[PDB]
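J.: The structure is given below, and queries will be raised subsequently.
Cβ sites come from the backbone with ideal geometry, for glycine too, and all protein chains shown count toward neighbours. What follows is calculated from the coordinates using simple rules that are stated; it is not laboratory data.
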Ligand SMILES: NS(=O)(=O)c1ccc2c(c1)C1=C(CCC1)[C@@H](c1ccc(O)cc1)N2
Ligand SMILES: NS(=O)(=O)c1ccc2c(c1)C1=C(CCC1)[C@H](c1ccc(O)cc1)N2
Ligand SMILES: [Zn+2]
């Protein structure tokens, strides 16, 4: 099925997922000069002190760190959001080289990687119901640049050897996602979509302006993962990013002057 190869990559996805050519697709280029400051936007409230991580899974496209979302433990509120959004998982997108890997771009700049913290709107009861609604999900996007190591990423990096291939999982309890945030919560926001099939138009995107720094060694270990299953020919899990999509009839708002 779909993937990131020449034969099944983003240019092909519209054949099985025609919303790929829809009116609110993600990611987008964030033109920093055209984004408007919206003084009515609230600070973001990221409340992760009671987060319960469970497991890490190689799903053949990325790796997901999954959370217990059966209670209001790790939630996102405020900013552009109405109501309470519960953390269900995070994952990354990254490149084969440090000059590419992010999904969103900033004045056409590509970062080495992008973190997505995925949350669903509790008014819809479960994630599967939320993805059917225009305000179902809130994804917090954070850029990664290569420089100093990110201490709070190292526990993720060190478990990757145990989930090398598609379908492998590992216990991943007691991980604190607060260690993946930058200092500032300044953000851009716009209405968009999932960046992988099914490409549902259910996401409020909140993209932080400040990148986090990770080391060359940390991102090298992302690049040792495999898209393939065990006992299949090795295809390195790299360049698992969708390129920027047309902005169409959308405005990107900034939380900051
Ligand atoms: N790169 S991203 O952060 O935009 C992203 C992409 C795909 C995803 C997810 C997050 C999580 C689910 C939907 C919401 C969040 C999952 C899915 C959705 C519905 C579905 O029927 C199958 C799987 N897929
Ligand atoms: N619109 S879509 O992106 O979902 C899509 C695109 C290309 C495809 C397929 C579906 C599927 C293949 C076999 C099963 C499903 C195949 C393929 C090509 C190359 C490849 O590496 C793997 C599979 N042709
Ligand atoms: Zn993503």
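J.: Give all pairs with beta carbons closer than 9 Å in which a residue from region 84-107 that is in contact (Cβ under 8 Å) with a residue 24 or more places away in the chain and more than 19 Å from residue 10 (Cα to Cα) meets a residue that is within 16 Å of ligand 2 (Cβ to nearest atom) and in a strand (DSSP E or B); count only pairs at least 6 apart in sequence or on separate chains.
T.: Hits for this filter: zero, empty list.
J.: Has region 196-217 got at least one residue that is crowded, with 20+ Cβ neighbours inside 10 Å and on the phi > 0 side of the Ramachandran plot?
T.: Yes, there is a match, as at least one residue in region 196-217 is crowded, with 20+ Cβ neighbours inside 10 Å and on the phi > 0 side of the Ramachandran plot.
J.: Could you check, for region 152-172, whether at least one of its residues is in a strand (DSSP E or B) and either within 13 Å of ligand 3 (Cβ to nearest atom) or on the phi > 0 side of the Ramachandran plot (or both)?
T.: No, because not a single residue in region 152-172 is in a strand (DSSP E or B) and either within 13 Å of ligand 3 (Cβ to nearest atom) or on the phi > 0 side of the Ramachandran plot (or both).
Conditions (1) within 16 Å of ligand 2 (Cβ to nearest atom); (2) in contact (Cβ under 8 Å) with a residue 12 or more places away in the chain; (3) touching a strand residue (DSSP E or B) at 6+ places or on another chain (Cβ under 8 Å); (4) more than 30 Å from residue 254 (Cα to Cα), marked per residue:
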site	(1), (2), (3), (4)
27	no, yes, yes, no
31	no, yes, no, no
40	no, no, no, no
43	no, yes, yes, no
48	no, yes, yes, no
53	no, yes, yes, yes
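J.: Inspect region 136-143 for any residue being buried (at least 20 other Cβ atoms within 10 Å of the Cβ), part of a loop (DSSP other than H, G, I, E, B) and within 17 Å of the chain's Cα centre (by Cα) and give the result as yes or no.
T.: yes
J.: A further question follows. Considering only residues of region 94-111 that are within 21 Å of residue 186 (Cα to Cα) and either part of a strand (DSSP E or B) or touching a helix residue (DSSP H, G or I) at 6+ places or on another chain (Cβ under 6 Å) (or both), which is farthest from ligand 3 (Cβ to nearest atom)?
T.: 109
J.: Moving on to the next point. Filter region 236-252 down to the residues that are over 17 Å from the mean Cα position of the chain (by Cα) and either surrounded by 15 or more Cβ atoms within 10 Å (Cβ to Cβ) or in a loop (DSSP other than H, G, I, E, B) (or both) and list them by number.
T.: Once the filter is applied, which keeps residues that are over 17 Å from the mean Cα position of the chain (by Cα) and either surrounded by 15 or more Cβ atoms within 10 Å (Cβ to Cβ) or in a loop (DSSP other than H, G, I, E, B) (or both), region 236-252 yields 246, 247, 248, 249, 250, 251, 252.
J.: It is to be established whether one or more residues within region 186-209 are within 18 Å of the chain's Cα centre (by Cα), within 16 Å of ligand 3 (Cβ to nearest atom), under 30 Å from residue 108 (Cα atoms) and assigned to a helix (DSSP H, G or I).
T.: Checking region 186-209: not a single residue is within 18 Å of the chain's Cα centre (by Cα), within 16 Å of ligand 3 (Cβ to nearest atom), under 30 Å from residue 108 (Cα atoms) and assigned to a helix (DSSP H, G or I).
J.: Turning to a different aspect of this structure: Could you list, in sequence order, the residues of region 84-100 that are away from ligand 1 (no atom under 13 Å from the Cβ) and in contact with a strand residue (DSSP E or B) (Cβ under 6 Å, 6 or more places away or on another chain)?
T.: 84, 98
J.: Tally the residues that are outside any loop (DSSP other than H, G, I, E, B) and surrounded by fewer than 22 Cβ atoms within 10 Å (Cβ to Cβ), restricting the search to region 54-74.
T.: Adding up the residues that qualify gives 5.
J.: Quick check on region 222-235. Is at least one of its residues over 20 Å from residue 4 (Cα atoms) and assigned to a strand (DSSP E or B)?
T.: There is no residue in region 222-235 that is over 20 Å from residue 4 (Cα atoms) and assigned to a strand (DSSP E or B).
J.: Looking at region 227-241, is at least one residue within 16 Å of ligand 2 (Cβ to nearest atom) and closer than 27 Å to residue 124 by Cβ?
T.: no
J.: Right, another one. Scan region 116-129 for residues that are touching a helix residue (DSSP H, G or I) at 6+ places or on another chain (Cβ under 6 Å) and either within 17 Å of residue 242 (Cα to Cα) or within 16 Å of ligand 3 (Cβ to nearest atom) (or both) and jot them down.
T.: Correct list: 120 only.
J.: Sticking with this one: Only residues that are out of contact with any helix residue (DSSP H, G or I) (no Cβ under 8 Å at 6 or more places or on another chain), away from ligand 1 (no atom under 16 Å from the Cβ) and in a helix (DSSP H, G or I): list them for region 1-53, please.
T.: Within region 1-53, 15 is the sole residue that qualifies.
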